[PDB]
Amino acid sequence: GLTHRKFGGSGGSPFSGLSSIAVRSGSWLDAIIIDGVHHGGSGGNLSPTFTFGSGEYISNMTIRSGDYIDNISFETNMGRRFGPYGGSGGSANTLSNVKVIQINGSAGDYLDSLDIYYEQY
């Protein structure tokens, strides 16, 4: 039963807990770095860090994956892009016309899985 609730008032500027993304990747994903927090191992190469602007969110996302995450790319509502980073194995799946709220997952020395929470438009 996924849902959300607002608390408090109407002032201020909006912000998101999903502030920046980087990855370590080779032929698959070694790690995802979320808001500077490292999730995964130390292999592969480190990508640049994508920092979302105010009012910017992931609107499209392509993940190549098998038993492990092989490739990530995304696009934002402002027309900016991240990736593709990773390899060409696994199967591709796309989220289209979304707003990504959160990225959880599972990682060891490599990135096993991602759980993407989002609104579908």
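Start at 1 and count along the sequence shown; that's the residue number.
Undergrad: Comparing average C-alpha B factors as deposited, tell me which of 36 to 44 and 91 to 99 sits higher.
TA: In the deposited entry, the stretch with the higher C-alpha B-factor mean is 91 to 99.
Undergrad: Of the two stretches 111 to 119 and 3 to 11, which shows the higher Cα B-factor on average in the entry?
TA: Looking at the record's C-alpha B-factors, the answer is 3 to 11.
Undergrad: Place residue 66 in the lowest, middle or highest third of its chain's C-alpha B-factors, as listed in the PDB entry.
TA: CA B-factor rank for residue 66: middle third.
Undergrad: C-alpha B factor of residue 86, ranked within the chain: lowest, middle or highest third?
TA: Lowest third - that is where residue 86 ends up once the chain's C-alpha B-factors are sorted.
Undergrad: According to the PDB entry, is the CA B factor of residue 78 in the bottom, middle or top third of its chain, that is, lowest, middle or highest?
TA: It falls in the top third of the chain.
Undergrad: Could you tell me which third, lowest, middle or highest, the C-alpha B-factor of residue 28 occupies within its chain?
TA: For residue 28, the deposited C-alpha B-factor lands in the middle third.
Undergrad: Looking at the entry's B-factor column for C-alpha atoms only, identify whether residue 52 ranks in the lowest, middle or highest third of its chain.
TA: CA B-factor rank for residue 52: highest third.
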